[PDB]
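**Student:** One structure follows; several queries about it will come next.
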Amino acid sequence: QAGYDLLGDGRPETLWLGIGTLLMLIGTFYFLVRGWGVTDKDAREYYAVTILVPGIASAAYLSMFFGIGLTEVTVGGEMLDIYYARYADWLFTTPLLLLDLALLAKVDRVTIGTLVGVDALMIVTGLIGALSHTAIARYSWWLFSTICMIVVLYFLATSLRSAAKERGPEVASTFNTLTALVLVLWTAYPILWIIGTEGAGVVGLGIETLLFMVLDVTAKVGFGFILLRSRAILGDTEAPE
Ligand SMILES: *C/C=C(C)/C=C/C=C(C)/C=C/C1=C(C)CCCC1(C)C
Ligand SMILES: CCCCCCCCCCCCCCCC
Ligand SMILES: CCCCCCCCCCCCCCCC
Ligand SMILES: CCCCCCCCCCCCCCCC
Ligand SMILES: CCCCCCCCC
Ligand SMILES: CCCCCCCCC
Ligand SMILES: [Ca+2]
Ligand SMILES: [Cl-]
Ligand SMILES: [Cl-]
Ligand SMILES: [Cl-]
Ligand code: NA
């Protein structure tokens, strides 16, 4: 695989895991220090949700760096490395990111429950496909989890977009910027997953880990950078509970 064996344990992908760990930690501390001088009740809610997104990713990338949670999967006569921490990362951070967008749109708790429910179903069925032993099952779960992603993305571009436009041009501008970013970044995940080691095997584990790291830092540090610098987080919020 493309990369360099930093720890001397036969894993060239630790170079991209180490870089991702640094970028997540730097982004976590940057949002944390920037949020200490924040007294607005609503802005503190966004900082609380957003800081956790690279903070949890930092722990997952640190665990994947040291090899904690690494195991093998046999699909015929080939051996596939799977990092459990990667999916546990997405299981926690994707609901928080959707919560950030739901706070901007100010949608009801039933809307949020359907959103995070389908989002979690997308992640679990993605892990199930990564653990299956036949290629037919791996593509079948990938297709099911992709459909669930489309359902989540459709709700952001239709229901949550219309509700956000009623809250004024400032929130609508920030919500449109983030949603435009989410529609393209999140779509890149099943594309890489199906062309990487878990799918056709076109992309090795090295480049896939590097590309997954770039998507992760952009969907977390880049997403939070656009949100936390906008004036929309000062507007009134209503947490689902
Ligand atoms: C901060 C981390 C984020 C926003 C991760 C997002 C991950 C996805 C949208 C993954 C989607 C997948 C499919 C739709 C097909 C099955 C395989 C997955 C889990 C890679
Ligand atoms: C009160 C506003 C929210 C009402 C939501 C009702 C629509 C529920 C859609 C359920 C979609 C399930 C997808 C299952 C996997 C494709
Ligand atoms: C208005 C339609 C809303 C739902 C659209 C969901 C699918 C988004 C497709 C984005 C395709 C990105 C292609 C670039 C990936 C490298
Ligand atoms: C023999 C050691 C080779 C080291 C090669 C390093 C290449 C540069 C890596 C830069 C990190 C990727 C940028 C990702 C930014 C999201
Ligand atoms: C308020 C900082 C959030 C960082 C999350 C750390 C998670 C520890 C496992
Ligand atoms: C919650 C972060 C766990 C990091 C584990 C590092 C283990 C180093 C031996
Ligand atoms: Ca306020
Ligand atoms: Cl403030
Ligand atoms: Cl206040
Ligand atoms: Cl590779
Ligand atoms: Na290594």
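Letters A, B, ... mark the chains of the structure tokens in the order given; residue numbers begin at 1 per chain; ligand numbers begin at 1, in order shown.
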Kindly provide, as a VMD selection string, all nucleotide and amino acid residues lying within 12 Å of ligand 8, counting only C-alpha atoms and all ligand atoms.

**Tutor:** chain A and resid 34 to 47 228 to 235

**Student:** As a quick test: using only C-alpha atoms and all ligand atoms, which residues lie no more than 7 Å away from ligand 6? Give them as a list in words.

**Tutor:**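 Counting only C-alpha atoms and all ligand atoms, the residues within 7 Å of ligand 6 come out as residues 59, 60, 62, 63 and 66 of chain A.
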
**Student:** Which residues form the shell of 7 Å around ligand 10 when you count only C-alpha atoms and all ligand atoms, given as a ChimeraX atom specification?

**Tutor:** /A:1-2,203-208

**Student:** My list of candidates is A:67, A:138, A:23, A:58. Which is closest to ligand 11 when distances are computed with only C-alpha atoms and all ligand atoms?

**Tutor:**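 Closest candidate: A:67.
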
**Student:** For residue 65 of chain A, find every residue with an atom within 9 Å (counting only C-alpha atoms), except residues of its own chain fewer than 2 positions away, and show them as a list in words.

**Tutor:**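 So, after excluding close chain neighbours, the residues are residues 7, 13, 14, 15, 16, 17, 18, 21, 60, 61, 62, 63, 67 and 68 of chain A.
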
**Student:** Enumerate, in order of chain and increasing residue number, the residues of segment 23-106 of chain A with an atom no farther than 12 Å from segment 149-152 of chain A, each with its shortest atom pair and distance in Å to one decimal, counting only C-alpha atoms, as a Markdown table.

**Tutor:**
| residue | atom | partner | partner_atom | distance |
| --- | --- | --- | --- | --- |
| A:94 | CA | A:152 | CA | 10.8 |
| A:95 | CA | A:152 | CA | 10.9 |
| A:98 | CA | A:152 | CA | 9.2 |
| A:101 | CA | A:152 | CA | 11.9 |
| A:102 | CA | A:152 | CA | 12.0 |
